[PDB]
2 protein chains.
Amino acid sequence: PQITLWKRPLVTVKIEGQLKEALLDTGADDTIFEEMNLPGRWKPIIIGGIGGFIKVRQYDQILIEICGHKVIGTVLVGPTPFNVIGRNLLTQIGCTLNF
Amino acid sequence: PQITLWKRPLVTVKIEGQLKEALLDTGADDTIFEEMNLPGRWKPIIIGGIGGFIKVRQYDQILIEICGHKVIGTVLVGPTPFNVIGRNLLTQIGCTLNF
Ligand SMILES: CC(C)CN(C[C@@H](O)[C@H](Cc1ccccc1)NC(=O)O[C@H]1CO[C@H]2OCC[C@H]21)S(=O)(=O)c1ccc(N)cc1
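Cut-offs used in this document
Residues numbered from 1 in each chain as written, not as in the entry; some residues may be left out. Chains lettered and ligands numbered in written order. Heavy atoms only, no water. Residues with missing side-chain atoms left out of burial classes, pairs and counts. Contact = heavy atoms within 4.5 Å. Helix = DSSP H or I, 4+ residues; strand = E, 2+ residues; numbered from the N terminus. Pairing = 2+ DSSP bridges. Buried < 20%, exposed > 50% of the residue type's maximum accessible area, 1.4 Å probe, protein only. UniProt positions renumbered as here; feature names shortened; annotations may be inferred. Salt bridge = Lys/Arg side-chain N within 4 Å of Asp/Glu carboxyl O.

### Some remarks on the interface of chain B and chain A
Then comes step 1: The interface of chain B with chain A comprises 37 residues on the first partner and 38 residues on the second.
Then comes step 2: Sorting the residues of the side of chain B that touches chain A by element identifies β1 (2–3), β3 (18–24), β6 (53–66), α1 (87–90) and β9 (96–98) of chain B as the ones contributing at least two each.
Then comes step 3: The element best represented in the side of chain B that touches chain A is β9(B), accounting for three residues.
Then comes step 4: One ladder, built from two bridges, connects strand β9 (residues 96–98) of chain A with β1(B); its direction is antiparallel. Paired with A:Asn98 across the two strands is B:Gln2, which belongs to β1(B).

### Overview of the side chain of B:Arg87
Then comes step 1: Inspection of the secondary structure assignment puts B:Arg87 in helix α1.
Then comes step 2: On the basis of relative accessible area, B:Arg87 is assigned to the buried category, the value being 12%.
Then comes step 3: What B:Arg87 contacts, discounting residues up to four positions off in sequence, is A:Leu5, A:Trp6, A:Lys7, A:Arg8, A:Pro9, B:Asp25, B:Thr26, B:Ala28, B:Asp29 and B:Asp30.

### Quick notes on the UniProt feature "domain: Peptidase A2" (unreviewed entry) in chain A
Then comes step 1: Per the UniProt annotation, the sites labelled "domain: Peptidase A2" (unreviewed entry) are residues 20–89 of chain A.
Then comes step 2: Along residues 20–89 of chain A one finds 4% helix and 60% strand; the C-alpha atoms at either end are 16 Å apart.

### Comments concerning the sheet that holds β1(B)
Then comes step 1: One open sheet holds the four strands; their spatial order is β1(A)-β9(B)-β9(A)-β1(B), and the pairing between them is antiparallel. Every other strand in the sheet has two partners, leaving β1 (2–3) of chain A together with β1 of chain B as the edge strands with one partner each.

### Looking at the pattern of salt bridges
Then comes step 1: In the structure shown here, the tally under the stated rule is nine salt bridges over all chains.
Then comes step 2: Among the ionic pairs, A:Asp29 bridges to B:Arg8, the shortest N-O distance being 2.6 Å. Pair noted here: A:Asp29 is in the loop between β3 (18–24) and β4 (31–33) and B:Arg8 is in the loop between β1 and β2 (10–15), and the two residues belong to different chains.
Then comes step 3: Relative accessible area serves as the criterion here: at 28%, A:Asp29 is assigned to the partly exposed category.
Then comes step 4: We classify B:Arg8 as partly exposed; its relative accessible area is 38%.
Then comes step 5: Linking A:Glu35 and A:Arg57 is a salt bridge whose minimum nitrogen-to-oxygen distance equals 2.6 Å. Residue A:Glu35 is found in the loop between β4 and β5 (42–49), and its partner A:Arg57 is found in strand β6 (residues 52–66); the two are separated by 22 residues along the sequence.

Okay, here's the thing in structure tokens:
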């Protein structure tokens, strides 16, 4: 689908049987989510953004279904004010910016 | 132009005679830049991100030239680690996400 930018690019995602809206963020290298449980072992990491840094739990090989499209990749879990889909996953769906 | 997301969507920008690379950020409501002087008065404001908050000087009706396209709108100046082009300006060029 084509998405304009007059409103926040929210999309519903299915991840670990959980339904959530997520922000298609081209400014995000990686995908981070609010607190929720996921499969496998994880590494603690710190990510930097506007205003400072936050500690998050790093998880690899996470299944997310995004607007009917399937993807697997790294998903970080931490105190983000919003769920964002970063570029690590936007690529796999062939998402592009266009103007 | 069509832009893939395997690398950061950086673009060269011209703003107040200054050349700058900026991040096309669909996760950014507004456009912010690192410290720089711009003409006229400004209002102090606070913006929120993943790491926390920062105070920035708000300027309205700012001319920015982006990859050959011209736009005018609000541009904030503050301690961002990167210059980002938020949705307040991404719309005016008719930028869209596509997958
Ligand atoms: C700091 C930059 C490199 C931009 N980043 C993504 C960006 O889209 C954030 C994503 C974002 C969105 C909402 C809240 C926090 C962070 N946008 C943002 O900070 O927006 C603020 C300026 O315009 C306003 O719009 C809303 C918040 C304000 S980031 O959050 O820090 C980031 C960096 C690395 C990763 N892996 C994931 C996210």
